[PDB]
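Next comes just one chain, in structure tokens: the form deposited in one PDB entry.
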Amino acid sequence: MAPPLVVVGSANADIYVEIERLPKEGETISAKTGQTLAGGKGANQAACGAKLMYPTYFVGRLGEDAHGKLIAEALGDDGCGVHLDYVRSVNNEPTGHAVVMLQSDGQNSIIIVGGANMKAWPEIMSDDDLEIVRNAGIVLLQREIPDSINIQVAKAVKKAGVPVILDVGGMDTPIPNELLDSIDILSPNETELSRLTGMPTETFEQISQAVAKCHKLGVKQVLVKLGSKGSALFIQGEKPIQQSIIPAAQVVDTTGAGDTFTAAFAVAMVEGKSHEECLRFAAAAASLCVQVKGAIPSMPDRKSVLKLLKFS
């Protein structure tokens, strides 16, 4: 009954097919194999939070189709234990999905269908949806749903005094200043930090500088994801702190690990942990995540993260 993690964002069916080579206009080919998996940054972050045994709601839009049931199954009672009260399904849009064509040479080809993620939201968020974010302990957004929705959520949480984190992952359009001005923590990776600031991010000094531009744009806190280099938390009026990776024994699959990092950070934060302990909690979670194939099935339970953290 603690103030919940509330994730508002995307849910996707990820349709992976293993093919020797791409087809041609008319060519029917046969994949070696194929699998369809629950994904999307919003669903991933919600799954992570629920698996960490923190009360978590997902606010998203699905189609009334098989891929929608796939997501609900993965996230809900028989899966991760996300509260799905505020997920709505519609009959005029497909569940969002991605066709991923892994090829016999190492190259990926992807078709992304935004579907319900981009087209099933209302013009104006319902009072019901806004009520769950007002009652949240913390709110997580990404950029795989319309700016309109992110902005309306951001405004409500700001008035309610609820912290909100915006993951920059998703579409590569500019971020509206009204969104930047209404969020507590911006969370880009190195490449995303560069794209929105038009500055280099090859060195930590360059990163600090792009982050300085972020402060000027209205963002008091930036949680920078650095891949193998770990992460860095920048708070205006303070010294940037850093956390290196907690090295994985083996990197099986980095899919979902940035989402795990972000959501785990949010869980540690809302649990009242220090900034240092938040970064380390998140590092530990991302680390367990990359050691296992897949996205949502790779995400660690609280017991495993805490176990890994114990090590000296």
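In this text, residue numbers run from 1 along the sequence as written. We call the rigid core the largest set of C-alpha positions that still match within 1.5 Å between the two forms.
Although not depicted, the form deposited in another entry is the subject of the following passage.
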Checklist entry - Where does the C-alpha shift reach 2 Å or more between this form and the one not shown among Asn177, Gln107, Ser208, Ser148, given a fit on the rigid core? => result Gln107
Checklist entry - For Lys273, is the C-alpha shift between this form and the one not shown 2 Å or more after core superposition? => result no
Checklist entry - Superposing on the rigid core, do we see a C-alpha displacement of 2 Å or more at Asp301 between this form and the one not shown? => result no
Checklist entry - Hey, does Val292 budge by 2 Å or more at the Cα between this form and the one not shown once the core is superposed? => result no
